[PDB]
């Protein structure tokens, strides 16, 4: 199962809302904001019009990485493209396919693992908004990219995973053989290293080698810093079997302070050998 060629013009509503404990999040439905924000998926060539509403009492913005946007959708104070309290704005994201330019150079397409976040809450860099939870994933697919059975987003935000209390995962479940996609985003002040037990991926656009000629390093550990994003697909349990497979930041004190979760890979009967919570 593979992504089709893109070129659809899509529309969605998005809201920025306050959540419990001083947090803030994005959502597609009023009153249902989440941290991380909703996953937005596009095929190269698609256009997305985000009909955005700020329900909070502070100005907020939406800034996206990687995609094509004009200055009016930059989402910064510099370009007066933030949204006043209670205000509305349509942010527009475009994407393009790769292709040969007339001068013979190759223009890269938009495809990749990307993300969106606030750029105006607290500081002109969005330090408050990002700390509070205003971030989410974007995936742009190229025609023919393999589609996963499930997608999970892991954000290292300062010393938290997904703004959760320490030592609370999140955990993600799969069955042996599932094609599982991970989107990995980092935000805030610190560098991290992301590691998965029992699984590995290629350090390239899709996380999978294109074939026998792709020299990309195969890895299970990767250094990342604020606003980095990457992603990959794995076959759950491939060559290793079912089990509670931990993922964690590998900076030692970060793991000791709770930047750890479980990739729970189940047998067909739904059980997980050796896992006794």
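Positions refer to the first chain, counted from 1.
- Set 118-126 against 90-98 and average the Cα temperature factors; 90-98 ends up higher.
- Between the stretches 70-78 and 180-188, it is 70-78 that shows the larger average CA temperature factor.
- Of the candidates 155, 202, 140, 108, it is 108 whose Cα B-factor is highest according to the PDB record.
- You'll see in the entry that, of 198, 104, 112, 136, the Cα B factor peaks at 104.
- Ranked within its chain, residue 28 lands in the highest third, by CA B factor from the PDB record.
- In the deposited entry, the Cα temperature factor of residue 241 sits in the middle third of values across the chain's modelled residues.
- In the PDB entry, a CA B factor belonging to the highest third of its chain's modelled residues is recorded for residue 215.
- In the deposited entry, the Cα temperature factor of residue 225 sits in the bottom third of values across the chain's modelled residues.
- Remark: residue 12 belongs to the highest third of its chain, ranked by C-alpha B-factor as recorded.
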